[PDB]
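Here the structure is laid out as structure tokens; the discussion comes afterwards.
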Amino acid sequence: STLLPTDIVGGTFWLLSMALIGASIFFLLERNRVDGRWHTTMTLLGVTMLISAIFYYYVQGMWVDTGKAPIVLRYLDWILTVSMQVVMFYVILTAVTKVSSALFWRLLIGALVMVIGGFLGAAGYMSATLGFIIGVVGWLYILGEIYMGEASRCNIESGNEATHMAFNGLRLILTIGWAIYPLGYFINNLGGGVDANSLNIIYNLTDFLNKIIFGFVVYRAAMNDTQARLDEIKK
Amino acid sequence: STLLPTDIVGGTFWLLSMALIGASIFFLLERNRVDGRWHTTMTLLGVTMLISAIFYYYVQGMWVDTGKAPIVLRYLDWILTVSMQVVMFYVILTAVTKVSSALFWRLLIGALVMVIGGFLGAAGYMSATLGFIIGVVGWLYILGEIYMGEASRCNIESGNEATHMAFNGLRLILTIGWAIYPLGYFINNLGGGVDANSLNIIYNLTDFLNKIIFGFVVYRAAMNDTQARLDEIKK
Amino acid sequence: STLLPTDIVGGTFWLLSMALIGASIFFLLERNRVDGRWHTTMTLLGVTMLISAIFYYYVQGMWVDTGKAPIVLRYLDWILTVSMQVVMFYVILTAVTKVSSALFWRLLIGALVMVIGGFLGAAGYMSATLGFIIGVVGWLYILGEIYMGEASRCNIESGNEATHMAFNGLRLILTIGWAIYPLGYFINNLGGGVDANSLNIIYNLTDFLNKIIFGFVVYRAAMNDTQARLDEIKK
Amino acid sequence: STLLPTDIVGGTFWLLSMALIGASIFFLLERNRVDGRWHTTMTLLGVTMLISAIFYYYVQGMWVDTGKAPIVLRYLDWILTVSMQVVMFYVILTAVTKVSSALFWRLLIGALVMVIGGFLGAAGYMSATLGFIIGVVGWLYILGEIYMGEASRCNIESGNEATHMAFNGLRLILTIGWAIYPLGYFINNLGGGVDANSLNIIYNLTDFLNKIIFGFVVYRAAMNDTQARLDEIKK
Amino acid sequence: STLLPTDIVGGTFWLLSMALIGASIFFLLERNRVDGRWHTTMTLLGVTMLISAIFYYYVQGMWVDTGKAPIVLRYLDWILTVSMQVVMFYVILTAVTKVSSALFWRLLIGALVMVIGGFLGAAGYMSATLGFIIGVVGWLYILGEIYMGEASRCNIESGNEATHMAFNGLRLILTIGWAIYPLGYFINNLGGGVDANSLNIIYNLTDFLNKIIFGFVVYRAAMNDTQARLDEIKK
Ligand SMILES: *C/C=C(C)/C=C/C=C(C)/C=C/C1=C(C)CCCC1(C)C
Ligand SMILES: *C/C=C(C)/C=C/C=C(C)/C=C/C1=C(C)CCCC1(C)C
Ligand SMILES: *C/C=C(C)/C=C/C=C(C)/C=C/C1=C(C)CCCC1(C)C
Ligand SMILES: *C/C=C(C)/C=C/C=C(C)/C=C/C1=C(C)CCCC1(C)C
Ligand SMILES: *C/C=C(C)/C=C/C=C(C)/C=C/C1=C(C)CCCC1(C)C
Ligand SMILES: CCCCCCCCCCCCCCCCCCCC
Ligand SMILES: CCCCCCCCCCCCCCCCCCCC
Ligand SMILES: CCCCCCCCCCCCCCCCCCCC
Ligand SMILES: CCCCCCCCCCCCCCCCCCCC
């Protein structure tokens, strides 16, 4: 009776594909109902989800056919979608306040180091140790920016209550949620190893929570700020 | 001559895929004609149907190829779409009245227990008995909320005639319509068993009625309330 | 040289798929240019065509692979799209006048008896004779409604010239156009029999005319009424 | 290493598919920026291109698999898309002037005779000679209409400079551009014959020019007229 | 461990497909937020990305199946997408200033010579030398136009700060970014030769940067000019 991990692997790939195409359409359709200052935020949110959905459509095909789906495949999605998620901190701030363009590049370059540093270590192009180290340095920058950098100070000075809640929530996703992936990398590569079937499940589930909760956090910020403005217009 | 159950299984998978993509596009296109307070209701309705349509597209492929479509596959759709349907009670109330956000989480957690409780019992991760029990407890919460809870009291105090009709109708779907699935689980798992082909037909037909009637109930509420408002504007 | 019927079967399946996806997009894109009272009419028109297009996409796959496409497959499309076409008489009337909701259910139930009555006779679940009889009773109701029923009286009392033209045109499609299908059923089932290849061609061609002419009749009504109103606004 | 015609055949099928899906989206997205009188013109333009794109998607599949793509397959696209292109002369005139609806039917029937006349001769259902003759008679009508008929006189009396340019340009496409297809038919059927690999290239390239140049001619007319009106509003 | 080039080839085809469908949807959805004078610029930007995404969808299929993806396949995409990118210089200028239509044709013909000149040399229809020479002449025209031609003079006289930034940025892409492709051609054909696997990677990466950076440059111009206008309206 007990379903085999292999069964759960290709099931979760379907789940992820459906959930993310759903979230995508939902965020792209509700982009017309947020104040216009939030339109790019909502367009980037829906397109992030669409990109990830297309990844899972590709991967489910590779699983159905070949029966294998390596973990290095992820760095295609991540190179795209981690980048877009870290940029969301800038896009959200520009919605409500004025921030230097430099924040955009610090954040993006920080994401690119995290993913590329780990890819090089996973693909074999360099020691997985040096892969981990470069990846963690990339992360700790991003965290450094959003906790004690221009992004954090810009948040405080915005005065936007929506942007306060967004930041507090996205920062928590990027700190706890995103800590699964490094862990995975460590155990799989620098450690004993994990069956790829089992690591495909964990990554599939973590993606469900680190992409949906991210999306809903940002969507509530856009919807709450939109309403706040309408309520102040009424007064 | 007599078509074989196997024939009717893969036919109904097509029916369900066509009907649900049709209902999806219809609810997403008519979302621009309802009062704006009903836009999220209509966006969630169309995206629920799209998610289910994508499921049936996946499953029809598995059937066409392998010739088998297990009943545990359903919990991918259900984990997504049951959740969204139970949340519709909150989304509808927030359209017309003021309701605690806590209701959102009581309802969602209630759905997650129902589906996950049954998945664990169907996958083999726990006795199907304990699966049933946990599933039914999850349901009876949801029913408890919408019959004698904050959702029910908020409905009464809304004063919205549309929200009255919606509730009365959705409550009936969730009580009678949704009682097929537990029944299935009982007979298939805790009972003698069903032949999977037969249970795929029943579930395919029940999905047609528990997703279309749900959608049309909610669509009529949004369309009726929209008009009510226009008629009071004219006065 | 002479193309074989088998060649024309899979060709016509492509034709139908293209024509119906084309008509679908055209009716869904032109729904924004008709008076808003015609928006549901145009949304149902485009979604009817989309549902049929998806059917033909499925069937062309079955043909390309298996080389066979049974005639009982049609009742998937028909159960959906015949229902929607018979309801169009109600949706059009509610665009321009006030009609009882009962008409909706008389019409829908009439369609469901027609298709289901014939499915049961085609699938083998009952004598094809009793299938025919139940199917024809279902049709003759629908005709009875639209010729000498509430639908007919509501048309006369609407005073809408567009709704007069629509009715006259749709009632002619439902009387002459739709008489091919019963004929087919009779000859194939109650009669000697028809090669499925030949009957797939006839049904493919009849669908092209009974779905396009239907769509264009309804689209002209919506476009003509829209303009009539603008011309009276100018005066 | 000179690429083989077979290589160029399936390459050009891809080209055509991409170009036509691109033109389709472009015309359907720019339909919102033309004066509303041009909305049906632009909706028919985009849907013509979409229909042809879907054809080429089907055909590329047949090529990739079977390695053969007969030239009689074209008459599926042509029956749809030639009809729509000849009707564009009516749709454009009704945008800017008042024209009898009879022109619509003369033009459509003229197209249907051209394609069907040639199909019957290509499929084998009648002498290719009689196929050619019936096809050319159908064409020469259409040319007769647009050069010396109601379409030509309506153009002159419109006074629309955009409709003058469109007509002059579409007339040239229908006279020179469309003369490739008859030629092909003659050489392939009434003449010696052409390898279907070579005739698929010529037809693929001619479709690229007789569908893109057609589209851009019509799009410039809609965009030029839109602006002309805005410039006269400013004065 | 070290991933094989073959692995990276089909991975990058996925990346490119996802990134370009993402950029496409993003540019087509943000088309509604730029000043209307920028709507064609944004529609051409999104459709360029879509055309390239569809190419990579085709090519990934050819790789997955056949295991080979020749470098001559590229000229299908390039004939379309290079053309559209060189025309963007005209479309952008017409957004903000008055420019002769002749520039459109000089630019387009210049692109067509570049790609076709190289195709003829790659396909074998003429010496790769003469292919290179004709290709480089085509390029050097385009550069000549945009550096010291009507396009450059029109830019200077526009007075638009957005169009200044766009031009300077696109000119840099067309000069440095686009210099990789000629290099490839030279080394592969006129030179020693390169494994197609390696050249597929380089071209895949260069496309990611020469199509995204192009798109973001143009999008910033449209977004910056839109805002500049709003800011001057406020004053
Ligand atoms: C939607 C997918 C997401 C958010 C994935 C997140 C990925 C990371 C945070 C990866 C981090 C890594 C390190 C910090 C160490 C080196 C290995 C990585 C790339 C897995
Ligand atoms: C659109 C699909 C729907 C609404 C499915 C509904 C599913 C349920 C109501 C499932 C309920 C179950 C129990 C109450 C007991 C345990 C077994 C379940 C999960 C089938
Ligand atoms: C778009 C497809 C259409 C309109 C199909 C129409 C189908 C019918 C009118 C079927 C009628 C039948 C009878 C009246 C008796 C025998 C059984 C049927 C279902 C073929
Ligand atoms: C987009 C495709 C187009 C415009 C195809 C055009 C087709 C024709 C003009 C066909 C004409 C023919 C004749 C005039 C003679 C008989 C053979 C035909 C059908 C090829
Ligand atoms: C999005 C794809 C792009 C921008 C591709 C650019 C292609 C070129 C600039 C090709 C140029 C060539 C030459 C200048 C010499 C001959 C060979 C070519 C076609 C590769
Ligand atoms: C000034 C107002 C805010 C505008 C922000 C624009 C954000 C657009 C989306 C950014 C996408 C980032 C790149 C993601 C892909 C990975 C990196 C590719 C380039 C090297
Ligand atoms: C003013 C009263 C309401 C007028 C508009 C009603 C709109 C109904 C549009 C949807 C009709 C769907 C009915 C056909 C469903 C097809 C499948 C039925 C299978 C049982
Ligand atoms: C004021 C009147 C304006 C009328 C506009 C009519 C628009 C018609 C658009 C659709 C034309 C379809 C032409 C036929 C398509 C192919 C079907 C014929 C048999 C192959
Ligand atoms: C063979 C290559 C085919 C594609 C090349 C052409 C693609 C771009 C054409 C569409 C955009 C033209 C828009 C013109 C806008 C300005 C018109 C001048 C008056 C303002």
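Here, each number is a calculation from the coordinates, and none is a lab measurement. Here the Cβ is made from the backbone with ideal geometry for all residues, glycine too, and neighbour counts use every protein chain on show.
Put simply, of E:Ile116, E:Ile142, E:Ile176 the only residue that is closer than 26 Å to E:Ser24 by Cβ and surrounded by 19 or more Cβ atoms within 10 Å (Cβ to Cβ) is E:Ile142. The one condition from (1) over 17 Å from D:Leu73 (Cβ atoms); (2) charged (D, E, K, R); (3) surrounded by 14 or more Cβ atoms within 10 Å (Cβ to Cβ) that D:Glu232 does not meet is (3). Taking the criterion of being more than 16 Å from ligand 9 (Cβ to nearest atom), surrounded by 18 or more Cβ atoms within 10 Å (Cβ to Cβ) and within 13 Å of another protein chain (Cβ to nearest Cβ), would at least one residue in the stretch D:97-109 satisfy it? No; the residues of the stretch D:97-109 include none that is more than 16 Å from ligand 9 (Cβ to nearest atom), surrounded by 18 or more Cβ atoms within 10 Å (Cβ to Cβ) and within 13 Å of another protein chain (Cβ to nearest Cβ).
More than 16 Å from ligand 7 (Cβ to nearest atom), free of Cβ contacts under 8 Å to residues at least 12 places away in the same chain and buried (at least 21 other Cβ atoms within 10 Å of the Cβ), is that true of E:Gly46? No. Identification of helices (runs of 4 or more DSSP H) wholly contained in the stretch D:136-216 with 2 or more residues that are over 28 Å from D:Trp63 (Cβ atoms) and among the polar types (S, T, N, Q) yields D:150-158, D:161-175. Among the residues of the stretch E:91-121, those that are touching a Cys at 6+ places or on another chain (Cβ under 9 Å) and not in a loop (DSSP other than H, G, I, E, B) comprise E:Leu93, E:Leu103. As a summary of the residue check, A:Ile79 satisfies the conditions (1) farther than 26 Å from A:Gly184 by Cα; (2) surrounded by fewer than 24 Cβ atoms within 10 Å (Cβ to Cβ); (3) not aromatic (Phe, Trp, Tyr) except for the one numbered (1).
Residue under question is A:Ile133, and the condition is that it be surrounded by 22 or more Cβ atoms within 10 Å (Cβ to Cβ), free of Cβ contacts under 8 Å to residues at least 60 places away in the same chain and either touching a helix residue (DSSP H, G or I) at 6+ places or on another chain (Cβ under 7 Å) or part of a helix (DSSP H, G or I) (or both); does it hold? So A:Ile133 does not fit the description; no. Going by the conditions given, is C:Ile54 crowded, with 19+ Cβ neighbours inside 10 Å and free of Cβ contacts under 8 Å to residues at least 12 places away in the same chain? So C:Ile54 passes the test. Specify the residue that is farthest from C:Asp207 (Cα to Cα); the eligible residues are those in the stretch C:147-171 that are among the aliphatic types (A, V, I, L, M) and touching a helix residue (DSSP H, G or I) at 6+ places or on another chain (Cβ under 9 Å). Among those that are among the aliphatic types (A, V, I, L, M) and touching a helix residue (DSSP H, G or I) at 6+ places or on another chain (Cβ under 9 Å), it is C:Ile156. In the stretch E:159-185, the residues that are of a type in the set (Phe, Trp, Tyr) reach residues that are more than 16 Å from ligand 3 (Cβ to nearest atom) with C-beta atoms within less than 6 angstrom, at least six apart or across chains, in these pairs: E:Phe167/E:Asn155; E:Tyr185/E:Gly118. Screening E:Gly184, E:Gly193 for residues that are of a type in the set (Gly, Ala, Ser) and exposed (fewer than 14 other Cβ atoms within 10 Å of the Cβ) leaves exactly one candidate, E:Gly193. Residues in the stretch D:38-73 that are part of a helix (DSSP H, G or I), away from chain C (no Cβ under 11 Å) and not hydrophobic (A, V, I, L, M, F, W, C): D:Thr41, D:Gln60. The set of residues in the stretch D:184-213 being hydrophobic (A, V, I, L, M, F, W, C) and over 16 Å from the mean Cα position of the chain (by Cα) consists of D:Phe186, D:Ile187, D:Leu190, D:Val194, D:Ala196, D:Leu199, D:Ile201.
Filtering E:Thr6, E:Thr66, E:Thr48 for residues that are under 25 Å from E:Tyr219 (Cα atoms) and of a type in the set (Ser, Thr, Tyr) leaves a single hit, E:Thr48.
Please work out if E:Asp65 is among the acidic types (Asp, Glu) and either within 16 Å of ligand 8 (Cβ to nearest atom) or crowded, with 18+ Cβ neighbours inside 10 Å (or both). In short, no. Considering only residues of the stretch C:1-14 that are within 7 Å of chain D (Cβ to nearest Cβ) and part of a helix (DSSP H, G or I), which is surrounded by the most Cβ atoms within 10 Å (Cβ to Cβ)? Going through the qualifying residues, I end up with C:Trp14.
The set of residues from the stretch E:15-37 being touching a residue at least 60 places away in the same chain (Cβ under 8 Å) and facing another protein chain (nearest Cβ under 7 Å) comprises E:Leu15, E:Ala19, E:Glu30, E:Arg33.
Restricting to the stretch B:116-135, and then to whatever is more than 12 Å from chain A (Cβ to nearest Cβ) and under 20 Å from the mean Cα position of the chain (by Cα), can you tell me which residue is farthest from A:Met223 (Cα to Cα)?
Result: B:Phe132.
The set of residues from the stretch E:74-90 being aromatic (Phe, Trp, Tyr) and either part of a loop (DSSP other than H, G, I, E, B) or within 16 Å of ligand 5 (Cβ to nearest atom) (or both) comprises E:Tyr75, E:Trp78, E:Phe89.
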